[PDB]
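The next block holds one structure in the form of C-alpha cells; read it before the comments.
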Amino acid sequence: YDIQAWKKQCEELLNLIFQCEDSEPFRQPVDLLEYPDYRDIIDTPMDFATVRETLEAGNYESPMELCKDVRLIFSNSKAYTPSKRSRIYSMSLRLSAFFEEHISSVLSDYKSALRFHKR
Ligand SMILES: Cc1ccsc1C(=O)O
C-alpha cells in the first residue's frame, strides 16, 4: 500500500529498457534531419530520455501518466513506419511487449494503494 512506490519502480523499469538493444532508436528524439517528413506524420514526438527526465523532475503525478507517454512512443513508431515488417517498428513491438509485461504490476499496486488510502 505504498502510494509513492511506483516512482522508483518506474525508474528501474526505465533502466532495464535503456539496457535493451531494442530501445536504441527510442532513447532520444527521432532525428528530424534523417527523417525530414517525421513531423508531417507525427503530432507529438516522445522518447525514453524525455519520459525519464519528466519522471525525475517530479512532473508525473501517477504511473498512469508515465504509461500514456511510453505508449505514445510505441503508437508514433506504428504510425511512422512505412511497413509493419520494418526493422525499427519490429524493435518497438518487442519493447512494447516487454514494457506492458512489467508495467502491469506497477499500475495494479499503485491503484491498490490509492483504494486502501480512500478506505
Ligand atoms: C523512427 C522510425 C524510422 C523509420 S520507422 C521508425 C519508427 O519509429 O517506427
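Go through the range 43-55 residue by residue and turn each phi into a ³J(HN,Hα) via Karplus (6.51, -1.76, 1.60, θ = phi - 60°); whole Hz please, and just put x for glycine and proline.
Running phi through 6.51 cos²θ - 1.76 cosθ + 1.60 with θ = phi - 60° gives 7, 10, x, 8, 8, 5, 5, 5, 4, 4, 5, 5, 4 Hz.
In the chain, what is the count of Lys pairs whose alpha carbons are under 23 Å apart, counting only pairs at least 8 residues apart or on separate chains?
Value for the chain: 9.
Between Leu93 and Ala113, what is the label-to-label distance in nm when each label sits 7 Å out along the Cα-to-Cβ direction?
According to this spin-label approximation, the distance is 3.5 nm.
FYI the Cβ positions are ideal-geometry reconstructions off the backbone, even for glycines, and counts take in every protein chain you see. Read the figures in this text as sums done on the coordinates, not as results from a lab.
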